[PDB]
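# A closer look at the structure
Next come the chains, spelled out residue by residue.
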Amino acid sequence: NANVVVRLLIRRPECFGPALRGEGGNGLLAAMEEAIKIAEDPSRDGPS
Amino acid sequence: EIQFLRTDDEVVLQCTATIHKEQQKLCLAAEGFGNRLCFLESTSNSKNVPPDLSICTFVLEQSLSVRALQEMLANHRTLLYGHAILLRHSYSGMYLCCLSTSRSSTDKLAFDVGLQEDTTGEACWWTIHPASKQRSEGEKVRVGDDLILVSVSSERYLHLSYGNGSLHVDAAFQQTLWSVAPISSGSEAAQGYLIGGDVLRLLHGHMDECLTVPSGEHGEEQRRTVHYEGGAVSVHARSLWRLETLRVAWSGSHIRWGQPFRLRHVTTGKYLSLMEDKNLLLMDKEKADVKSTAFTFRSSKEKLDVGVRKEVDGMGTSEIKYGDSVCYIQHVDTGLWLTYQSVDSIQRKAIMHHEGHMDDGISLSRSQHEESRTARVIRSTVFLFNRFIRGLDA
Amino acid sequence: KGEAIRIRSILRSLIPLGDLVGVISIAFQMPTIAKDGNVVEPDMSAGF
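Structure determination for this entry is recorded as cryo-EM, at 3.59 Å resolution.

Listed below in structure tokens is the structure:
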């Protein structure tokens, strides 16, 4: 069940999020601090 | 009866590229010595720019089942979908593979596709999967069928990437449809007869003089002329010509009388052509138009009705024989005949004349694979070394 | 096992080691006692 899942999520790479998608994504770490930024900013975090 | 593609046959892998809302067919190409990385050269613009199929042709080595290949890696059939094929580059003799390295121009998952000396390892083997729902695993591979390839080692798809500024081939999980068109079949080839893509020598009636270019004095502007010389020139690499047909598919079929073809000097890479002054002159690949670079062999010098026969998808009849057959060459449009000046290391110039001399017979002598490969390597080294010298001079 | 080695290599291709190290290197903000004597509790449902 692990091999099938990894093959399917790698056949469809958009499952990995925009950061790890790889057509110009910033990266896992960069998205990590970006989500930190969003977490501190109230406008991007809540509906407002 | 629809043909089925098979090993020991020579094929080109074609993929479609949609640029400016227009589809351009491209064959997977890779120059053996030098750049191991594969690339694409246009095959849709054959009229304006000749395609170099010598680096686009591949040979199917073996088609083993998944179980058999796994077992043997642990240690004239018929293709079926679900097999793994071994593609060997006809010119270089090296095998297509996933290089396991990545330029990472788009993403980190995709790897580069190149050529490998050694077959051992799962990189060289590529599994054929049916890209059409009308095809199932175990079905016979069709000539007109469209294919998708999966690498055994990487489990990526042979993918043409539009994301790069230039069209590129990479092993990616995105899949791209690859159409494979036959060039020739080895079994049906007849020994001693001219076929498309051969490297050959144009030998005059006496065998003594051969059509060639001036000796190398480091100037292409003066190398561009063509004439007849004899002696060591016959065994040298300046008198080797490649007869390239005008059709992309079945280009390795037996050449027929009155068949349009283009001649390319192997050492210089320029294509034989006719200028407005009715004098032959070599010109570059980019501006080698079909209306200036196309010639036809004819059995008799007199104006027999050549006619038009519909081109067929097969090896065909062996109308021209090496040495035995006597050929007469003319331009397709003007119809003049290639002939000597009649004014003579003969160093007699060759001209394009309407009625031509009586002794304009040129036979055909086939060159060996080693000698053709040496000339190709010579040209590919001259180009690179001249680039290097020009860079140092700048 | 060839398949297992392959899956591990693919996973390392998906996730660079440096990104893992950086995300591990990112630290937390911890609650502090306010001036009245109450420890301000940063809501972790809105934080790392």
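Further remarks concern the overall build of chain B. Secondary structure summary: chain B contains four helices and 24 strands in total. Since a compact globule built from 394 residues should have a radius of gyration of about 21 Å, the 23 Å found for chain B is in line with a globular shape. With the C-alpha coordinates of chain B rotated into their principal frame, the extents come out at 70 × 60 × 45 Å.

It is worth spelling out the nonpolar core at this point. Residue and element names in this part refer to chain B. In this structure, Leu13, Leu28, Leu40, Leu96, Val113 and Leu158 are the most contacted members of the largest nonpolar core, which totals 32 residues. When residues of this core are assigned to their parent elements, the largest contribution, four residues, is made by strand β1 (residues 9-19). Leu158 has contacts with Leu13, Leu28, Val113, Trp126, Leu149, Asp170, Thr176 and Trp178, leaving out every residue within four places of it along the chain. Of all hydrophobic cores here, the second largest spans 28 residues; its members include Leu282, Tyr322, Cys327 and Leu338.

Our next topic: a nonpolar patch on the surface. Residues and elements named next belong to chain A. On the surface, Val4, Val5, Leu8 and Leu9 cluster together to form a nonpolar patch covering roughly 330 Å² of accessible area. Inspection of the secondary structure assignment puts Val4 in helix α1 (residues 2-11). Judged by its relative accessible area of 49%, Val4 falls in the partly exposed class.

Looking now at the interface of chain B and chain A. Contact residues are listed per partner, giving eight residues for chain B and seven residues for chain A. Carbon and sulfur atoms supply 50% of the area buried between chain B and chain A, which totals about 580 Å² over both sides. The interface formed by chain B and chain A includes zero salt bridges. Counted by class, the side of chain B that touches chain A contains three nonpolar, two polar and three charged residues.

Let us look at the state of the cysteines. Residue and element names in this part refer to chain B. The final tally for this structure, using the stated rule, is one disulfide over all chains. In this model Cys27 forms its disulfide with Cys56; the gap between the sulfur atoms is 2.0 Å. Taking the torsion about the S-S bond as the criterion, the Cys27 to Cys56 disulfide, at about 65°, is right-handed. Taken together, the residues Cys27 in strand β2 (residues 22-29) and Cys56 in the loop between β3 (39-42) and β4 (57-64) connect sequence positions 29 residues apart. Using a relative accessible area of 0% as the deciding quantity, one classes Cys56 as buried. Among the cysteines around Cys97, which has no disulfide bond, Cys124 carries the closest sulfur, lying 5.2 Å off. Not engaged in a disulfide, the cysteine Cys327 finds its nearest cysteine sulfur in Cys210; these two sulfurs lie 14 Å apart.

The next subject is the environment of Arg247 of chain B. All names here are of chain B. Along the chain, the position of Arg247 falls in the loop between β16 (241-245) and β17 (261-265). According to the relative accessible area criterion, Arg247 is buried, its value standing at 17%. Between the C-alpha atom of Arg247 and that of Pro260, which follows or precedes it by 13 residues, the distance is 9.5 Å. Dropping the residues within four chain positions of it, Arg247 is found in contact with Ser253, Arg256, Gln259 and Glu311. From its side chain, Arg247 meets the backbone oxygen of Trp250 in a polar contact 2.8 Å long.

This structure, assessed with the given rule, holds two aromatic pairs over all chains. With centroids separated by 4.9 Å and ring planes inclined at 55°, the aromatic side chains of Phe261 of chain B and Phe297 of chain B adopt a geometry described as tilted. Here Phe261 of chain B, found in strand β17, pairs with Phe297 of chain B, found in strand β20 (residues 294-298); they are 36 residues apart in sequence, far enough to count as distant. Like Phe297 of chain B, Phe261 of chain B is buried. A centroid spacing of 4.9 Å and a plane angle of 25° characterise the contact between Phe28 of chain C and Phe48 of chain C, whose relative ring orientation is stacked. Here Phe28 of chain C is found in the loop between α2 (17-25) and β1 (32-33), whereas its partner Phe48 of chain C is found in the segment after β2 (39-40), with 20 residues between them in sequence. With a relative accessible area of 43%, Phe48 of chain C lands in the partly exposed category. For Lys321 of chain B, the ring lying beneath its charged end belongs to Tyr193 of chain B, and the centroid distance is 4.6 Å. Its end group placed over the ring of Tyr340 of chain B, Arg348 of chain B keeps NZ or CZ at 4.9 Å from the ring centre.

Turning our eyes to something else, we now look at the interface of chain C and chain A. Taken together, the contact between chain C and chain A spans eleven residues of the former and twelve residues of the latter. For chain C, the biggest contributors to the area lost against chain A are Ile7, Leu14 and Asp19 of chain C; these three give 34% of the whole. Across the salt bridge formed by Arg7 of chain A and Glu3 of chain C, the nearest N and O atoms sit 2.7 Å from each other. At the surface where chain C touches chain A, the tally comes to one residue pair in polar contact. Those elements that provide at least two residues to the side of chain C that touches chain A are α1 (2-14) and α2 of chain C. Of all the elements, α1 of chain C adds the most residues to the side of chain C that touches chain A, at four residues. Classifying every residue of the side of chain C that touches chain A gives eight nonpolar, one polar and two charged.

All names here are of chain B. You will see that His20, though not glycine, has its phi angle at about 55°, which is positive. Assignment of secondary structure puts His20 in the loop between β1 and β2. Positive phi is not limited to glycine here, since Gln347 has a value of about 55°. Mapped onto the elements of the fold, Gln347 is located in the loop between β22 (337-340) and β23 (348-353). When its relative accessible area of 43% is taken as the criterion, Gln347 is described as partly exposed.

Criteria and cut-off values
- Residues numbered from 1 in each chain as written, not as in the entry; some residues may be left out.
- Chains lettered and ligands numbered in written order.
- Part of a larger assembly, values for the part shown.
- Heavy atoms only, no water.
- Residues with missing side-chain atoms left out of burial classes, pairs and counts.
- Helix = DSSP H or I, 4+ residues; strand = E, 2+ residues; numbered from the N terminus.
- Rg over C-alpha atoms; globule rule 2.2 N^0.38 Å.
- Core = buried A, V, L, I, M, F, W, Y, C linked by side-chain atoms within 4.5 Å.
- Buried < 20%, exposed > 50% of the residue type's maximum accessible area, 1.4 Å probe, protein only.
- Contact = heavy atoms within 4.5 Å.
- Patch = residues over 30% accessible without salt bridge, like charges linked within 9 Å, V, L, I, M, F, W, Y side chains within 5 Å.
- Areas by Shrake-Rupley, 256 points an atom, 1.4 Å probe, with all protein chains shown as cover.
- Salt bridge = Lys/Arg side-chain N within 4 Å of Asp/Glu carboxyl O.
- Buried area = accessible area lost by both parts, 1.4 Å probe.
- Nonpolar A, V, L, I, M, F, W, Y, C, P; charged D, E, K, R; others polar.
- Disulfide = S-S within 2.5 Å.
- Polar contact = N/O pair within 3.5 Å; in protein donor to acceptor, adjacent residues only side chain to side chain.
- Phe/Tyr/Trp six-rings, centres within 6.5 Å; stacked < 30°, edge-to-face > 60°.
- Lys NZ or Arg CZ within 6 Å of the ring centre and 35° of its normal.

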